[PDB]
Structures are given as C-alpha cells and as structure tokens.
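Heads up, the chain below is alone and in the form solved without its partner chain; it's given as structure tokens.
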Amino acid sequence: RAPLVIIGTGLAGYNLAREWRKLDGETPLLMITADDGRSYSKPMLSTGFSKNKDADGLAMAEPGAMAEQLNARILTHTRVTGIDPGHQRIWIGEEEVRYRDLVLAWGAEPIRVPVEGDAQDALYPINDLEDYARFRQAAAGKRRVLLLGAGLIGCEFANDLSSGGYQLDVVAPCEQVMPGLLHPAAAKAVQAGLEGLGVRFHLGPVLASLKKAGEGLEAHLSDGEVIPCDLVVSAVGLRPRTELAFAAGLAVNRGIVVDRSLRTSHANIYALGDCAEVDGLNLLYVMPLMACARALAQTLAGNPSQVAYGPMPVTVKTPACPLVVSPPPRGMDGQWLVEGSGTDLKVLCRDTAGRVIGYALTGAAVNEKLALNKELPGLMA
C-alpha cells in the first residue's frame, strides 16, 4: 500500500519509474512534478531550430499516457514544498504525502546573475519544455537575441538560434567558452566556429542593466557597451536543487550527497540525475543518469545494487564546430598534447604510462571518438 514516491518527471524520474516497473508491477507509484508532466528529451531543446521543431514537436508523451504506461498516479503543476524524513512524508503546501521510499529526481536550477533597469526581469531561462514554449512564442517574429553564459548550454543555444536565423550576442565574464570543461585551444576552435556563423562574443563584461528602448531592449554591459536586442536568454549554468534537502537535514555538497547505491544520508530517501552528487560526482548529463536509474531500480525492488561509471564522453551539440570532450577522471592527470590543425583539433591527455585518459576533439577530429573511447578509464574505480 505505502507508495514509491518520485519527485520529478524529467529523464531521471521517468527512466527510474520505467526501469523499476520492469521489476515491481504491484507497489503503488506516485510521481510529482511542478511542470506539465510531458515526457520529452531535454537535450533536444537546443536543436529545435535546426530540426524545425517547436515544444510540442519535442514531447514524446503526455502525462496521462505516461501514468497509464507506468501504472502510476502523476501529479502535475504540483510543487513539493518540504521533506519530513523523520515521518516518511513530504509536504505540498498544507497537504502531506506519506511514502515507502522517496526518490529526489528534481534536477538543477539556472544560475542567476544580478541585473538592474526597468526590464531586469525580461530574462528567459530555457531549462525545461515549458521554458522553451514560452521562449519560442516570445521569439516569434524577432531577430536579435542576447545570450548570457558561455558554457555548454549557452554555446549549443547560440549555434541553434543562429541556424534558426537569429542574430546572436553572447555575454559572459569568463575568458573562454566552456571554462573548466575545455582545453583553451579546443575552446578557441569552438568560438571561431560560432563566430563564423555571425555570433559575436563579449567575454569579460557582465550585463549591468536591461532597459526598454523603443520596441525592444537595450542591454547595458559593465564595460559601457550597449547592445540592442529583442530578447535575452539566461544560460549561465546550472546548479543542483539542494535547499529543500538541506532544510530537511540531508547531506548536500554541490548536489544531494548519495553513495553509489543512490542513498542519501537518511533511510528511505534516494536521489539521482542532475540533483544528485554520486560518490563525489555531480554529472549534469544523461549517460550517468541512465546508469543510476538501472541500479536504483534494482535497489528499490530489493536487489541492492551500486553504479560503477565507465567512460562517459560529452558530445557538445555545436554543428558549426562539432565537439566531443572526455575530461580525465578526477584525481588523475597527465600531459595535454594538441594535435591537428586550424579548427580540426585532437587534444589528448596521456598519463605517465602513456595511456590516453582524456581528450577534446573538434571539427573533423570527432570522427576519432569511437577509436579513442577504447583507451578510456572509467569515471569510477
């Protein structure tokens, strides 16, 4: 009778539900989500123009069909407002839900920045299917887009928006695209690719003030640049949602702290996907999420199981300069060598044995991904 309760109907929630329903078709299942509950592949948000798709074109199933497929009750546009571990329950406003076990699959939030001016609140985040719909409707008939951020998400959107016919300015105070992810030579190759589409980068400044001007906006940068635009996309980065777990007394660090079996610090509470920090690893992509869904499904069905991440390369969706990057496993390093030329770069990290432990591949060099993957150590030992 007491139900499995899953907070979140993104890829983590729905893949855990599906993998677990292969093992247990009789226990009640309750999923809760603050959005509309549609099943969609979030990575596809940044290909909407290049694929000629709107938000509906990206959805794979509606919540009712999902509830039927998973033999679940799914609560939509429903916001969980607290967790009460000592009583095996969660709060929604002034209502409680009791659980057999609780799964935190509630993802990451956009990183905000300080902005002044009368239009300071006219920033569009794009972090789910509803954000996207709302952005697509506002972008209809428009031409000039200012984008904040120069990470993976900002670059993919910059490339995609451009291919959609938009004029792009990218603003970020960091000194290169994808800092922390990319070797500088590789970063330089990717930036040149995007600039070749007409994207203009403003690296160093931040947005100081956003103001209504005539029938659009003027973006006042900290360096005195003032760039006219129709809309502003805020894509600085993402941070796991941890506030509610902290208040409830669960260990949090960058994400919710879980072991390789996805268990939080408290009995009967687990976590996975973007919100989870799994044995030190908070990995904001699908490959690890899927590994976690397979193992936790087992554990929730009485077969205690742990993940053991193998190599998980990141493919960055920038057709202007294709990119695959596989950072070396943490607490492991070697010499970085840049090979190739112009914008077709193969950057390899070799350990003291001479083995390739990480790489960054741009342009034509991405064709080497499948060969080089055979060299890689797993992300966990």
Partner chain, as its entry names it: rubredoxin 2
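Positions refer to the first chain, counted from 1.
Keep in mind that the form solved in complex with its partner chain is not shown, yet the notes after this line are about it.
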query: Exercise: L337 in contact with its partner chain in the bound PDB entry, heavy atom 4.5 Å; finding: no
query: is_contact(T27, its partner chain) in the bound PDB entry, heavy atom dist at most 4.5 Å; finding: no
query: Partner contact for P43 in the bound PDB entry: its partner chain, 4.5 angstroms, heavy atom; finding: yes
query: Its partner chain contact in the bound PDB entry: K317, any heavy atom under 4.5 Å; finding: yes
query: Its partner chain: the contacting residue among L244, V286, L197, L281 in the bound PDB entry [heavy atom, 4.5 Å]; finding: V286
query: Which of 120 to 128, 174 to 182, 286 to 294, 141 to 149 sits within 4.5 Å of its partner chain in the bound PDB entry, heavy atom basis; finding: 286 to 294
query: Residues in 58 to 78 close to its partner chain in the bound PDB entry, defined by a heavy atom within 4.5 Å, in order; finding: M60
